[PDB]
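Colleague: Here you go, this is my_file21.pdb (PDB, C-alpha atoms and all ligand atoms).
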MODEL        1
ATOM      1  CA  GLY A   1     -48.000  43.516 -47.725  1.00  0.00           C
ATOM      2  CA  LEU A   2     -47.000  41.122 -50.492  1.00  0.00           C
ATOM      3  CA  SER A   3     -45.439  37.673 -50.360  1.00  0.00           C
ATOM      4  CA  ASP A   4     -42.262  36.814 -52.236  1.00  0.00           C
ATOM      5  CA  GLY A   5     -44.296  35.008 -54.881  1.00  0.00           C
ATOM      6  CA  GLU A   6     -46.519  38.043 -55.340  1.00  0.00           C
ATOM      7  CA  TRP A   7     -43.531  40.348 -55.771  1.00  0.00           C
ATOM      8  CA  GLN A   8     -42.147  37.892 -58.338  1.00  0.00           C
ATOM      9  CA  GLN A   9     -45.388  38.231 -60.297  1.00  0.00           C
ATOM     10  CA  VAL A  10     -45.243  42.040 -60.091  1.00  0.00           C
ATOM     11  CA  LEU A  11     -41.704  42.171 -61.399  1.00  0.00           C
ATOM     12  CA  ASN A  12     -42.501  39.675 -64.149  1.00  0.00           C
ATOM     13  CA  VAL A  13     -45.389  41.863 -65.327  1.00  0.00           C
ATOM     14  CA  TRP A  14     -43.122  44.892 -65.096  1.00  0.00           C
ATOM     15  CA  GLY A  15     -40.796  43.313 -67.655  1.00  0.00           C
ATOM     16  CA  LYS A  16     -43.609  43.765 -70.164  1.00  0.00           C
ATOM     17  CA  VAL A  17     -43.676  47.479 -69.365  1.00  0.00           C
ATOM     18  CA  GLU A  18     -39.898  47.902 -69.547  1.00  0.00           C
ATOM     19  CA  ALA A  19     -39.835  46.524 -73.091  1.00  0.00           C
ATOM     20  CA  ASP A  20     -41.787  49.619 -74.226  1.00  0.00           C
ATOM     21  CA  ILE A  21     -41.880  52.107 -71.377  1.00  0.00           C
ATOM     22  CA  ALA A  22     -42.874  55.074 -73.543  1.00  0.00           C
ATOM     23  CA  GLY A  23     -45.747  53.262 -75.251  1.00  0.00           C
ATOM     24  CA  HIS A  24     -47.096  51.967 -71.949  1.00  0.00           C
ATOM     25  CA  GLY A  25     -46.660  55.371 -70.307  1.00  0.00           C
ATOM     26  CA  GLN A  26     -48.411  57.149 -73.176  1.00  0.00           C
ATOM     27  CA  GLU A  27     -51.391  54.801 -73.032  1.00  0.00           C
ATOM     28  CA  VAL A  28     -51.668  55.031 -69.241  1.00  0.00           C
ATOM     29  CA  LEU A  29     -51.900  58.820 -69.366  1.00  0.00           C
ATOM     30  CA  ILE A  30     -54.304  58.780 -72.319  1.00  0.00           C
ATOM     31  CA  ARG A  31     -56.551  56.344 -70.445  1.00  0.00           C
ATOM     32  CA  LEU A  32     -56.434  58.636 -67.394  1.00  0.00           C
ATOM     33  CA  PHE A  33     -57.138  61.828 -69.346  1.00  0.00           C
ATOM     34  CA  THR A  34     -59.942  60.434 -71.515  1.00  0.00           C
ATOM     35  CA  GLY A  35     -61.650  58.489 -68.731  1.00  0.00           C
ATOM     36  CA  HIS A  36     -61.341  61.292 -66.153  1.00  0.00           C
ATOM     37  CA  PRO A  37     -61.060  64.632 -67.966  1.00  0.00           C
ATOM     38  CA  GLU A  38     -60.761  66.535 -64.683  1.00  0.00           C
ATOM     39  CA  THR A  39     -57.271  65.022 -64.331  1.00  0.00           C
ATOM     40  CA  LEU A  40     -56.064  66.872 -67.437  1.00  0.00           C
ATOM     41  CA  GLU A  41     -56.752  70.189 -65.705  1.00  0.00           C
ATOM     42  CA  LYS A  42     -53.974  69.460 -63.206  1.00  0.00           C
ATOM     43  CA  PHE A  43     -51.374  69.518 -66.015  1.00  0.00           C
ATOM     44  CA  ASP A  44     -50.676  73.017 -67.275  1.00  0.00           C
ATOM     45  CA  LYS A  45     -48.591  71.506 -70.070  1.00  0.00           C
ATOM     46  CA  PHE A  46     -51.316  69.143 -71.307  1.00  0.00           C
ATOM     47  CA  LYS A  47     -54.526  71.144 -70.786  1.00  0.00           C
ATOM     48  CA  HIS A  48     -54.249  72.396 -74.385  1.00  0.00           C
ATOM     49  CA  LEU A  49     -54.948  68.860 -75.624  1.00  0.00           C
ATOM     50  CA  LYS A  50     -58.581  68.720 -76.726  1.00  0.00           C
ATOM     51  CA  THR A  51     -58.754  65.459 -78.689  1.00  0.00           C
ATOM     52  CA  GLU A  52     -57.265  62.036 -78.148  1.00  0.00           C
ATOM     53  CA  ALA A  53     -55.562  62.341 -81.550  1.00  0.00           C
ATOM     54  CA  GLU A  54     -53.657  65.375 -80.250  1.00  0.00           C
ATOM     55  CA  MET A  55     -52.844  63.362 -77.128  1.00  0.00           C
ATOM     56  CA  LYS A  56     -51.545  60.476 -79.250  1.00  0.00           C
ATOM     57  CA  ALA A  57     -49.459  62.852 -81.377  1.00  0.00           C
ATOM     58  CA  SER A  58     -47.902  64.648 -78.385  1.00  0.00           C
ATOM     59  CA  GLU A  59     -44.261  63.734 -77.925  1.00  0.00           C
ATOM     60  CA  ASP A  60     -44.138  65.577 -74.609  1.00  0.00           C
ATOM     61  CA  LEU A  61     -46.980  63.423 -73.268  1.00  0.00           C
ATOM     62  CA  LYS A  62     -45.002  60.313 -74.176  1.00  0.00           C
ATOM     63  CA  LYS A  63     -41.959  61.844 -72.494  1.00  0.00           C
ATOM     64  CA  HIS A  64     -43.904  62.460 -69.299  1.00  0.00           C
ATOM     65  CA  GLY A  65     -45.284  58.928 -69.472  1.00  0.00           C
ATOM     66  CA  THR A  66     -41.690  57.684 -69.419  1.00  0.00           C
ATOM     67  CA  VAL A  67     -40.950  59.822 -66.353  1.00  0.00           C
ATOM     68  CA  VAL A  68     -44.024  58.510 -64.509  1.00  0.00           C
ATOM     69  CA  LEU A  69     -43.456  54.823 -65.205  1.00  0.00           C
ATOM     70  CA  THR A  70     -39.713  55.084 -64.555  1.00  0.00           C
ATOM     71  CA  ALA A  71     -40.497  56.446 -61.104  1.00  0.00           C
ATOM     72  CA  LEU A  72     -43.122  53.779 -60.423  1.00  0.00           C
ATOM     73  CA  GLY A  73     -40.821  51.017 -61.618  1.00  0.00           C
ATOM     74  CA  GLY A  74     -38.089  52.177 -59.257  1.00  0.00           C
ATOM     75  CA  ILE A  75     -40.584  52.014 -56.387  1.00  0.00           C
ATOM     76  CA  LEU A  76     -41.895  48.565 -57.344  1.00  0.00           C
ATOM     77  CA  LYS A  77     -38.372  47.148 -57.530  1.00  0.00           C
ATOM     78  CA  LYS A  78     -37.934  47.979 -53.826  1.00  0.00           C
ATOM     79  CA  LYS A  79     -40.592  45.357 -52.950  1.00  0.00           C
ATOM     80  CA  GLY A  80     -42.239  47.602 -50.369  1.00  0.00           C
ATOM     81  CA  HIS A  81     -39.072  49.109 -48.858  1.00  0.00           C
ATOM     82  CA  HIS A  82     -39.719  52.349 -50.691  1.00  0.00           C
ATOM     83  CA  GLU A  83     -39.935  55.042 -47.992  1.00  0.00           C
ATOM     84  CA  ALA A  84     -37.093  57.127 -49.451  1.00  0.00           C
ATOM     85  CA  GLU A  85     -38.405  56.846 -53.023  1.00  0.00           C
ATOM     86  CA  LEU A  86     -42.038  57.485 -52.110  1.00  0.00           C
ATOM     87  CA  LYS A  87     -41.665  60.451 -49.725  1.00  0.00           C
ATOM     88  CA  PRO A  88     -40.652  63.073 -52.358  1.00  0.00           C
ATOM     89  CA  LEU A  89     -43.445  61.965 -54.691  1.00  0.00           C
ATOM     90  CA  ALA A  90     -46.050  62.118 -51.938  1.00  0.00           C
ATOM     91  CA  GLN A  91     -44.790  65.561 -50.985  1.00  0.00           C
ATOM     92  CA  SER A  92     -44.693  66.976 -54.509  1.00  0.00           C
ATOM     93  CA  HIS A  93     -48.086  65.549 -55.422  1.00  0.00           C
ATOM     94  CA  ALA A  94     -49.760  66.847 -52.264  1.00  0.00           C
ATOM     95  CA  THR A  95     -48.087  70.231 -51.893  1.00  0.00           C
ATOM     96  CA  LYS A  96     -47.112  71.358 -55.391  1.00  0.00           C
ATOM     97  CA  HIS A  97     -49.377  69.518 -57.834  1.00  0.00           C
ATOM     98  CA  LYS A  98     -52.360  69.159 -55.450  1.00  0.00           C
ATOM     99  CA  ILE A  99     -53.377  65.688 -56.651  1.00  0.00           C
ATOM    100  CA  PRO A 100     -56.191  64.094 -54.607  1.00  0.00           C
ATOM    101  CA  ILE A 101     -55.704  60.451 -53.655  1.00  0.00           C
ATOM    102  CA  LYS A 102     -58.748  59.645 -55.810  1.00  0.00           C
ATOM    103  CA  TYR A 103     -56.698  60.450 -58.907  1.00  0.00           C
ATOM    104  CA  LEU A 104     -54.062  57.953 -57.765  1.00  0.00           C
ATOM    105  CA  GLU A 105     -56.849  55.379 -57.648  1.00  0.00           C
ATOM    106  CA  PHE A 106     -57.816  56.386 -61.206  1.00  0.00           C
ATOM    107  CA  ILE A 107     -54.267  55.931 -62.514  1.00  0.00           C
ATOM    108  CA  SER A 108     -53.890  52.603 -60.699  1.00  0.00           C
ATOM    109  CA  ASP A 109     -56.955  51.201 -62.438  1.00  0.00           C
ATOM    110  CA  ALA A 110     -55.727  52.699 -65.730  1.00  0.00           C
ATOM    111  CA  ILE A 111     -52.504  50.692 -65.435  1.00  0.00           C
ATOM    112  CA  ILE A 112     -54.515  47.472 -65.060  1.00  0.00           C
ATOM    113  CA  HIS A 113     -56.653  48.436 -68.066  1.00  0.00           C
ATOM    114  CA  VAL A 114     -53.637  49.161 -70.276  1.00  0.00           C
ATOM    115  CA  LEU A 115     -51.933  45.888 -69.346  1.00  0.00           C
ATOM    116  CA  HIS A 116     -54.977  43.910 -70.490  1.00  0.00           C
ATOM    117  CA  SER A 117     -55.310  46.040 -73.621  1.00  0.00           C
ATOM    118  CA  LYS A 118     -51.690  45.582 -74.740  1.00  0.00           C
ATOM    119  CA  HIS A 119     -51.259  41.987 -73.510  1.00  0.00           C
ATOM    120  CA  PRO A 120     -54.678  40.337 -73.922  1.00  0.00           C
ATOM    121  CA  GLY A 121     -54.630  36.793 -72.644  1.00  0.00           C
ATOM    122  CA  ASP A 122     -51.123  37.335 -71.264  1.00  0.00           C
ATOM    123  CA  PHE A 123     -52.026  39.141 -68.006  1.00  0.00           C
ATOM    124  CA  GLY A 124     -53.356  36.293 -65.911  1.00  0.00           C
ATOM    125  CA  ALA A 125     -55.550  36.395 -62.846  1.00  0.00           C
ATOM    126  CA  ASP A 126     -52.629  35.816 -60.468  1.00  0.00           C
ATOM    127  CA  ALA A 127     -50.628  38.586 -62.150  1.00  0.00           C
ATOM    128  CA  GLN A 128     -53.574  40.984 -61.919  1.00  0.00           C
ATOM    129  CA  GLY A 129     -53.974  40.118 -58.251  1.00  0.00           C
ATOM    130  CA  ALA A 130     -50.345  40.845 -57.442  1.00  0.00           C
ATOM    131  CA  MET A 131     -50.152  44.046 -59.490  1.00  0.00           C
ATOM    132  CA  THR A 132     -53.332  45.327 -57.867  1.00  0.00           C
ATOM    133  CA  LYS A 133     -51.942  44.649 -54.394  1.00  0.00           C
ATOM    134  CA  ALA A 134     -48.703  46.441 -55.259  1.00  0.00           C
ATOM    135  CA  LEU A 135     -50.566  49.525 -56.497  1.00  0.00           C
ATOM    136  CA  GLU A 136     -52.756  49.437 -53.375  1.00  0.00           C
ATOM    137  CA  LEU A 137     -49.652  49.431 -51.184  1.00  0.00           C
ATOM    138  CA  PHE A 138     -48.207  52.357 -53.153  1.00  0.00           C
ATOM    139  CA  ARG A 139     -51.460  54.310 -52.806  1.00  0.00           C
ATOM    140  CA  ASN A 140     -51.831  53.455 -49.123  1.00  0.00           C
ATOM    141  CA  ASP A 141     -48.355  54.670 -48.225  1.00  0.00           C
ATOM    142  CA  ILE A 142     -48.992  57.880 -50.175  1.00  0.00           C
ATOM    143  CA  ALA A 143     -52.290  58.234 -48.291  1.00  0.00           C
ATOM    144  CA  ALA A 144     -50.447  58.055 -44.977  1.00  0.00           C
ATOM    145  CA  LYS A 145     -48.229  60.961 -46.023  1.00  0.00           C
ATOM    146  CA  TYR A 146     -51.254  62.893 -47.275  1.00  0.00           C
ATOM    147  CA  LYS A 147     -52.880  62.498 -43.850  1.00  0.00           C
ATOM    148  CA  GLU A 148     -49.737  63.720 -42.095  1.00  0.00           C
ATOM    149  CA  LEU A 149     -49.879  66.835 -44.299  1.00  0.00           C
ATOM    150  CA  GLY A 150     -53.625  67.326 -43.885  1.00  0.00           C
ATOM    151  CA  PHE A 151     -54.072  67.203 -47.641  1.00  0.00           C
ATOM    152  CA  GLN A 152     -57.426  66.295 -49.164  1.00  0.00           C
TER     153      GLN A 152
HETATM  154  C1  LIG B   1     -48.231  56.167 -60.496  1.00  0.00           C
HETATM  155  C2  LIG B   1     -48.529  57.384 -60.028  1.00  0.00           C
HETATM  156  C3  LIG B   1     -47.655  58.617 -60.306  1.00  0.00           C
HETATM  157  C4  LIG B   1     -46.329  58.702 -60.379  1.00  0.00           C
HETATM  158  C5  LIG B   1     -45.288  57.580 -60.161  1.00  0.00           C
HETATM  159  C6  LIG B   1     -45.993  60.066 -60.691  1.00  0.00           C
HETATM  160  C7  LIG B   1     -44.726  60.545 -60.871  1.00  0.00           C
HETATM  161  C8  LIG B   1     -44.393  61.839 -61.191  1.00  0.00           C
HETATM  162  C9  LIG B   1     -43.050  62.354 -61.325  1.00  0.00           C
HETATM  163  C10 LIG B   1     -41.767  61.504 -61.167  1.00  0.00           C
HETATM  164  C11 LIG B   1     -43.143  63.650 -61.621  1.00  0.00           C
HETATM  165  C12 LIG B   1     -41.989  64.645 -61.838  1.00  0.00           C
HETATM  166  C13 LIG B   1     -41.337  64.983 -60.476  1.00  0.00           C
HETATM  167  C14 LIG B   1     -42.279  65.576 -59.444  1.00  0.00           C
HETATM  168  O1  LIG B   1     -42.858  66.653 -59.727  1.00  0.00           O
HETATM  169  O2  LIG B   1     -42.417  64.980 -58.335  1.00  0.00           O
HETATM  170  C15 LIG B   1     -44.553  64.008 -61.681  1.00  0.00           C
HETATM  171  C16 LIG B   1     -45.071  65.253 -61.957  1.00  0.00           C
HETATM  172  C17 LIG B   1     -46.401  65.568 -61.994  1.00  0.00           C
HETATM  173  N1  LIG B   1     -47.440  64.723 -61.657  1.00  0.00           N
HETATM  174 FE1  LIG B   1     -47.304  62.759 -61.252  1.00  0.00          FE
HETATM  175  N2  LIG B   1     -47.158  60.807 -60.803  1.00  0.00           N
HETATM  176  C18 LIG B   1     -48.197  59.928 -60.586  1.00  0.00           C
HETATM  177  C19 LIG B   1     -49.541  60.232 -60.601  1.00  0.00           C
HETATM  178  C20 LIG B   1     -50.048  61.473 -60.897  1.00  0.00           C
HETATM  179  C21 LIG B   1     -51.449  61.799 -61.111  1.00  0.00           C
HETATM  180  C22 LIG B   1     -52.616  60.794 -61.012  1.00  0.00           C
HETATM  181  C23 LIG B   1     -51.527  63.105 -61.393  1.00  0.00           C
HETATM  182  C24 LIG B   1     -52.748  63.988 -61.735  1.00  0.00           C
HETATM  183  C25 LIG B   1     -53.949  63.533 -62.095  1.00  0.00           C
HETATM  184  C26 LIG B   1     -50.196  63.644 -61.397  1.00  0.00           C
HETATM  185  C27 LIG B   1     -49.871  64.959 -61.625  1.00  0.00           C
HETATM  186  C28 LIG B   1     -48.604  65.432 -61.834  1.00  0.00           C
HETATM  187  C29 LIG B   1     -48.266  66.754 -62.300  1.00  0.00           C
HETATM  188  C30 LIG B   1     -49.290  67.859 -62.622  1.00  0.00           C
HETATM  189  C31 LIG B   1     -46.946  66.834 -62.402  1.00  0.00           C
HETATM  190  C32 LIG B   1     -46.118  68.043 -62.887  1.00  0.00           C
HETATM  191  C33 LIG B   1     -46.039  67.948 -64.413  1.00  0.00           C
HETATM  192  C34 LIG B   1     -45.231  69.049 -65.059  1.00  0.00           C
HETATM  193  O3  LIG B   1     -45.768  70.164 -65.256  1.00  0.00           O
HETATM  194  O4  LIG B   1     -44.050  68.808 -65.409  1.00  0.00           O
HETATM  195  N3  LIG B   1     -49.313  62.626 -61.079  1.00  0.00           N
HETATM  196  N4  LIG B   1     -45.291  62.872 -61.410  1.00  0.00           N
ENDMDL
END
Here is a file; write its structure as structure tokens.

Modeller:
Amino acid sequence: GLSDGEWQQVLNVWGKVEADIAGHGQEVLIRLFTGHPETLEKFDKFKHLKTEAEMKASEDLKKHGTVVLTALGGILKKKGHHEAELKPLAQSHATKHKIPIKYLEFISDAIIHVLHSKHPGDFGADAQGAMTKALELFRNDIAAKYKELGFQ
């Protein structure tokens, strides 16, 4: 649950992402894959990537980064009223991709890391607080659907 002022911070930060969605999406996935190499094994189309240089050179990884952040941005713009947008993603990630909630924690922290890396000194403590709360809400509502499905 976020206040109006917190949502305003989230959507202000998101403007930074929308200026370069592919570059942000690429770096988020690279941070996930290099920090948590077990996550790469869930992607049949990226498991061939052995080095970060190959990851950086992969145009399909940048494409998928655009898909991921476009979906997340659509959810964030609903300011919590995201049941219709979130349900299909919860279902596909639990039942088809088999993504444990832990990996959603990993990618949430990766987003925070990338924002500081690309905007050092321009991602203030209030903005980090609000973005963190928004990603916690996203993860918590996914977790509720995971529990319904019995997925661990
Ligand atoms: C912010 C969190 C995430 C968002 C918004 C997101 C979004 C998406 C979307 C929109 C798709 C394509 C449609 C679909 O299959 O539902 C997708 C596919 C997929 N996601 Fe995610 N995802 C997220 C996190 C993760 C994480 C953490 C993992 C694994 C560590 C993951 C694994 C996958 C896989 C394996 C696919 C299929 C890729 C393919 O072969 O095309 N997702 N995701």

Colleague: Report as JSON lines the residues of chain A within 6 Å of ligand LIG 1 (chain B), each with its shortest atom pair and distance in Å (one decimal), using all atoms listed in the file, ordered by chain and increasing residue number.

Modeller:
{"residue": "A:39", "atom": "CA", "partner": "B:LIG1", "partner_atom": "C25", "distance": 4.3}
{"residue": "A:42", "atom": "CA", "partner": "B:LIG1", "partner_atom": "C30", "distance": 5.0}
{"residue": "A:43", "atom": "CA", "partner": "B:LIG1", "partner_atom": "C30", "distance": 4.3}
{"residue": "A:45", "atom": "CA", "partner": "B:LIG1", "partner_atom": "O3", "distance": 5.7}
{"residue": "A:67", "atom": "CA", "partner": "B:LIG1", "partner_atom": "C10", "distance": 5.5}
{"residue": "A:68", "atom": "CA", "partner": "B:LIG1", "partner_atom": "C7", "distance": 4.2}
{"residue": "A:71", "atom": "CA", "partner": "B:LIG1", "partner_atom": "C5", "distance": 5.0}
{"residue": "A:72", "atom": "CA", "partner": "B:LIG1", "partner_atom": "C5", "distance": 4.4}
{"residue": "A:89", "atom": "CA", "partner": "B:LIG1", "partner_atom": "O2", "distance": 4.8}
{"residue": "A:92", "atom": "CA", "partner": "B:LIG1", "partner_atom": "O2", "distance": 4.9}
{"residue": "A:97", "atom": "CA", "partner": "B:LIG1", "partner_atom": "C30", "distance": 5.1}
{"residue": "A:99", "atom": "CA", "partner": "B:LIG1", "partner_atom": "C24", "distance": 5.4}
{"residue": "A:103", "atom": "CA", "partner": "B:LIG1", "partner_atom": "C22", "distance": 4.6}
{"residue": "A:104", "atom": "CA", "partner": "B:LIG1", "partner_atom": "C22", "distance": 4.6}
{"residue": "A:107", "atom": "CA", "partner": "B:LIG1", "partner_atom": "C22", "distance": 5.4}

Colleague: I'd like the contact shell of segment 64-66 of chain A - 10 Å cut-off, all atoms listed in the file, skipping same-chain residues fewer than 2 positions apart - returned as a PDB file with C-alpha atoms, in the coordinates of the input.

Modeller:
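The result, stored in result.pdb:
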ATOM      1  CA  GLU A  18     -39.898  47.902 -69.547  1.00  0.00           C
ATOM      2  CA  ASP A  20     -41.787  49.619 -74.226  1.00  0.00           C
ATOM      3  CA  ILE A  21     -41.880  52.107 -71.377  1.00  0.00           C
ATOM      4  CA  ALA A  22     -42.874  55.074 -73.543  1.00  0.00           C
ATOM      5  CA  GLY A  23     -45.747  53.262 -75.251  1.00  0.00           C
ATOM      6  CA  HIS A  24     -47.096  51.967 -71.949  1.00  0.00           C
ATOM      7  CA  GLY A  25     -46.660  55.371 -70.307  1.00  0.00           C
ATOM      8  CA  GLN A  26     -48.411  57.149 -73.176  1.00  0.00           C
ATOM      9  CA  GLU A  27     -51.391  54.801 -73.032  1.00  0.00           C
ATOM     10  CA  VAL A  28     -51.668  55.031 -69.241  1.00  0.00           C
ATOM     11  CA  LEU A  29     -51.900  58.820 -69.366  1.00  0.00           C
ATOM     12  CA  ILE A  30     -54.304  58.780 -72.319  1.00  0.00           C
ATOM     13  CA  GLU A  59     -44.261  63.734 -77.925  1.00  0.00           C
ATOM     14  CA  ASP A  60     -44.138  65.577 -74.609  1.00  0.00           C
ATOM     15  CA  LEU A  61     -46.980  63.423 -73.268  1.00  0.00           C
ATOM     16  CA  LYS A  62     -45.002  60.313 -74.176  1.00  0.00           C
ATOM     17  CA  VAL A  68     -44.024  58.510 -64.509  1.00  0.00           C
ATOM     18  CA  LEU A  69     -43.456  54.823 -65.205  1.00  0.00           C
ATOM     19  CA  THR A  70     -39.713  55.084 -64.555  1.00  0.00           C
ATOM     20  CA  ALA A  71     -40.497  56.446 -61.104  1.00  0.00           C
ATOM     21  CA  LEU A  72     -43.122  53.779 -60.423  1.00  0.00           C
TER      22      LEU A  72
END

Colleague: Looking at all atoms listed in the file, which of A:108, A:33, A:14, A:138 is the one that sits closest to residue 56 of chain A?

Modeller: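 Comparing A:108, A:33, A:14, A:138 against residue 56 of chain A, the winner is A:33.
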
Colleague: Separation of atom CA of residue 125 of chain A and atom CA of residue 83 of chain A, in Å?

Modeller: 28.5 Å

Colleague: Just how far from atom CA of residue 111 of chain A is atom CA of residue 132 of chain A, in Å to one decimal?

Modeller: 9.3 Å

Colleague: Just give me the gap between atom CA of residue 145 of chain A and atom CA of residue 86 of chain A in Å, one decimal is fine.

Modeller: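 Spanning atom CA of residue 145 of chain A to atom CA of residue 86 of chain A is a straight-line distance of 9.4 Å.
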
Colleague: Evaluate the PyMOL selection byres (((chain A and resi 91) around 12) and not hetatm) and record the selected residues as a list in words, following the chain and residue labels used in the document.

Modeller: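 With the PyMOL selection byres (((chain A and resi 91) around 12) and not hetatm) on this model, the match is residues 83, 84, 85, 86, 87, 88, 89, 90, 92, 93, 94, 95, 96, 97, 98, 99, 141, 142, 143, 144, 145, 146, 147, 148, 149, 150 and 151 of chain A.
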
Colleague: Translate the PyMOL selection byres (((chain A and resi 80) around 9) and not hetatm) into a concrete residue list for this structure, as a list in words.

Modeller: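 Evaluating the PyMOL selection byres (((chain A and resi 80) around 9) and not hetatm) on this file yields residues 1, 2, 75, 76, 77, 78, 79, 81, 82, 83, 134, 137 and 138 of chain A.
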
Colleague: Tell me which protein, DNA and RNA residues are within 9 Å of segment 115-117 of chain A, counting only C-alpha atoms, leaving out same-chain ones fewer than 5 positions away, and put them as JSON, numbers by chain.

Modeller: {"A": [13, 16, 17, 24, 110, 122, 123]}

Colleague: Leaving out residue 6 of chain A and any residue of its chain fewer than 4 positions from it, which residues lie within 8 Å of it when counting all atoms listed in the file, given as a list in words?

Modeller: residues 2, 10, 127 and 130 of chain A

Colleague: Create the file for the chosen residues now, containing C-alpha atoms and written as a JSON list (two decimals), keeping the file's coordinate frame.

Modeller:
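Written output follows (part09.json):
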[["chain", "number", "residue", "atom", "x", "y", "z"],
["A", 2, "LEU", "CA", -47.00, 41.12, -50.49],
["A", 10, "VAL", "CA", -45.24, 42.04, -60.09],
["A", 127, "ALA", "CA", -50.63, 38.59, -62.15],
["A", 130, "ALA", "CA", -50.34, 40.84, -57.44]]

Colleague: When you count only C-alpha atoms, which of these residues is closest to residue 128 of chain A: A:106, A:100, A:113, A:140?

Modeller: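 Distance minimum relative to residue 128 of chain A lands on A:113.
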
Colleague: Could you write segment 112-124 of chain A as a compact mmCIF listing (two decimals), in the frame of the given file, with N, CA, C and O atoms rebuilt where they are missing?

Modeller:
# COMPACT_ATOMS: atom_id res chain seq x y z
N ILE A 112 -53.95 48.81 -64.87
CA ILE A 112 -54.52 47.47 -65.06
C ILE A 112 -55.19 47.38 -66.42
O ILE A 112 -55.02 46.39 -67.15
N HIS A 113 -55.95 48.41 -66.79
CA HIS A 113 -56.65 48.44 -68.07
C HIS A 113 -55.68 48.35 -69.23
O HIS A 113 -55.90 47.60 -70.19
N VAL A 114 -54.60 49.13 -69.18
CA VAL A 114 -53.64 49.16 -70.28
C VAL A 114 -52.92 47.82 -70.39
O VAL A 114 -52.64 47.35 -71.50
N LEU A 115 -52.60 47.18 -69.27
CA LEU A 115 -51.93 45.89 -69.35
C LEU A 115 -52.80 44.86 -70.07
O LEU A 115 -52.31 44.10 -70.92
N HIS A 116 -54.10 44.83 -69.77
CA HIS A 116 -54.98 43.91 -70.49
C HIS A 116 -55.11 44.30 -71.95
O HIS A 116 -55.24 43.43 -72.82
N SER A 117 -55.10 45.60 -72.25
CA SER A 117 -55.31 46.04 -73.62
C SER A 117 -54.11 45.70 -74.51
O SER A 117 -54.28 45.35 -75.68
N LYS A 118 -52.90 45.82 -73.97
CA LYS A 118 -51.69 45.58 -74.74
C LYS A 118 -51.24 44.14 -74.68
O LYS A 118 -50.48 43.71 -75.56
N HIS A 119 -51.68 43.38 -73.68
CA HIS A 119 -51.26 41.99 -73.51
C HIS A 119 -52.46 41.08 -73.27
O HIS A 119 -52.50 40.33 -72.30
N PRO A 120 -53.46 41.11 -74.17
CA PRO A 120 -54.68 40.34 -73.92
C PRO A 120 -54.39 38.85 -73.88
O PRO A 120 -53.74 38.29 -74.76
N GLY A 121 -54.89 38.20 -72.84
CA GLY A 121 -54.63 36.79 -72.64
C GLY A 121 -53.29 36.50 -72.03
O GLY A 121 -53.01 35.33 -71.73
N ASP A 122 -52.46 37.51 -71.82
CA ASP A 122 -51.12 37.34 -71.26
C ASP A 122 -50.96 38.07 -69.94
O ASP A 122 -49.83 38.25 -69.46
N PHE A 123 -52.05 38.48 -69.32
CA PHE A 123 -52.03 39.14 -68.01
C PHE A 123 -53.00 38.35 -67.14
O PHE A 123 -54.17 38.73 -67.00
N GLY A 124 -52.50 37.26 -66.57
CA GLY A 124 -53.36 36.29 -65.91
C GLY A 124 -53.91 36.78 -64.59
O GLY A 124 -53.54 37.82 -64.05
